[PDB]
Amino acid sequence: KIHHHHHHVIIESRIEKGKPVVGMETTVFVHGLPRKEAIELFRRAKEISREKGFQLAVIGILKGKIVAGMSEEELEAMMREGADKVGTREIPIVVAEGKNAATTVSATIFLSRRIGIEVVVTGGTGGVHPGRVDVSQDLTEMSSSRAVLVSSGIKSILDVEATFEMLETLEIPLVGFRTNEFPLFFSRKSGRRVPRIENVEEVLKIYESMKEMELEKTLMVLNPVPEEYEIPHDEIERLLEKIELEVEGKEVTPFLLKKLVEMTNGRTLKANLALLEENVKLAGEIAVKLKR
């Protein structure tokens, strides 16, 4: 029971232990959206948190300090000063070097697991990229760390078959929130089936069962983009076919997403914002009921 006393890794948690909490990544705000819409979303998520009675804990690293529950001003400062995009393996160097960093899903789940946050929300996870050599730390983290992650499936830029198959391989359980269709970020339909659940109570029973059986995996609760905003995948696919990928590593994802906003004259941005907002609502409902 007697654990080590930290010196180098300073965590500043603004989260009340006795109150529902949803963790959220910073890279969506810093690298995944334009500034104006990024701050509008933050504000809207905070509004939803007040409406529903949960704490929204945006997670980032500010000059080497891990902050759970960043403020708007902190997020603006981060965007203005610049911040590396970090997954799990990058957390140590940025902490050691005293840098700003915006977390992906992998780092966000990793850190959430160490500060008592069980429900995390994102837009879409990383996965296996076309070519099947470039593979997100997100998959590794979900195979290693227990949480409930609300998402609209996996990002549209990915090798869908390879990612969906590897989620099975890695023993990452999936459930569709009121759908049997694995969602694909901008798109509702994938033609891949998942088990359907009808309410948040069912999520909690699965998750509690995972705990009892010591299954240390992320539960993916899949929440499709609202129909009104969806862009059918057949349409996204074809745009992706025109884009020469000029970059690698962590720039790949931001690069393609920014290109798709340009190409669809903002349609993908509208979709992305809509699903992020819906996902925050669902994540909040889960966090509120978990806390009972």
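The numbering used is simple: start at 1 and walk along the sequence shown.
Once the C-alpha B-factors are averaged per stretch, 29-37 and 234-242 rank with 234-242 first. Of the two stretches examined, 244-252 and 40-48, the record assigns the greater average C-alpha temperature factor to 244-252.
Sort the modelled residues of the chain by CA B factor and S190 lands in the highest third.
When the modelled residues of the chain are ordered by C-alpha B-factor, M79 sits in the highest third. In this PDB entry, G116 carries a Cα temperature factor that places it within the highest third of its chain's modelled residues.
For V94, the recorded CA B-factor ranks within the middle third of the chain. Only modelled residues enter the ranking. Per the deposited record, the Cα B-factor of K270 falls in the lowest third when ranked against the other modelled residues of its chain.
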